[PDB]
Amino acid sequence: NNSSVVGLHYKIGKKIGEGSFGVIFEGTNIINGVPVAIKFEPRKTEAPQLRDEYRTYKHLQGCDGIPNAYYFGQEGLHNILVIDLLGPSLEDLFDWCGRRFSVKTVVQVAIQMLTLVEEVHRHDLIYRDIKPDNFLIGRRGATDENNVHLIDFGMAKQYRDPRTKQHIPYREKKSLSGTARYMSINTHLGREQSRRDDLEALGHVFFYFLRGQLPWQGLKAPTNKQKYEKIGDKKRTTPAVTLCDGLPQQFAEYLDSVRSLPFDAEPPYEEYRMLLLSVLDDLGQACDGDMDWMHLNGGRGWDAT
């Protein structure tokens, strides 16, 4: 099968994926030359997920920051999803900036993440896998080159009925699903996740960007279940003011606020964005869209990685 073309119009190119969440490739539409990301998944697999992820992109189609889904089908023993190709993740740019983002970069990146997560909630979905690895910027020279995007909805769940807007019932004793570094306290306790838990996870990412690390990283334990327990115990023990030591206090006020939200309550997204925006007014900075990674390699941007 020389010159492998999947989905009729998509030329398989360069591998950029992992071995756990299906291998991901670069691609080129052979009709118009637009780049795409092509994600493979074994057909007869123990965890089928790529079909519902295709329907999540179609559900969120038209949202600023959600890539377009172009094709989904079966080819051989693989399910194939084709979406827009995007740039590095905020975790990638984090590593390239010395594993520390400036206050101005964190604020501007935060208000775009709150808008993305809000748009997800608007369509009756909760993300439940908030992490900097899944927030991607655009490609070079594009109009949305430095805008934040959201991908990978394998953990997305419907939290309310699309017709009546009846919130999902609250339950407990759930299996811990997610990355323990950012998941909310309620997720450590096995509680059903809702809109408030996507925002508390964002607050953990904000302190992660500002400090360079979280005090519950590098925690050791004999098993993984007890390691998730130690991390969750440090999160309740550490007040938001302690996390915010030396930082603008609006980030601690944000984390405490989203931790106090009722289970089924609609969070004040715009009030949170205005809260993080007042940081720039307190520091005499403008929200002009200038980011730290835009100064890499001599005011040039990232390269070769």
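Numbers for residues come from their place in the sequence shown, where the first is 1.
- Stretch comparison (46-54 versus 33-41) by mean CA B-factor in the PDB entry places 46-54 on top.
- Annotation for 172-180 versus 207-215: the higher mean temperature factor (C-alpha) is found in 172-180.
- Among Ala201, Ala142, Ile231, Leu90, the highest C-alpha B-factor in the deposited entry belongs to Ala142.
- Sort the chain's modelled residues by C-alpha temperature factor and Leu189 lands in the highest third, per the entry.
- In this PDB entry, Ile83 carries a Cα temperature factor that places it within the middle third of its chain's modelled residues.
- Ranked by Cα temperature factor within the chain, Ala221 sits in the highest third according to the deposited record.
- Annotation for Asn147: CA B-factor lies in the middle third of the chain's modelled residues.
- When the CA B factors of the chain's modelled residues are split into thirds, the value for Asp64 lands in the middle one.
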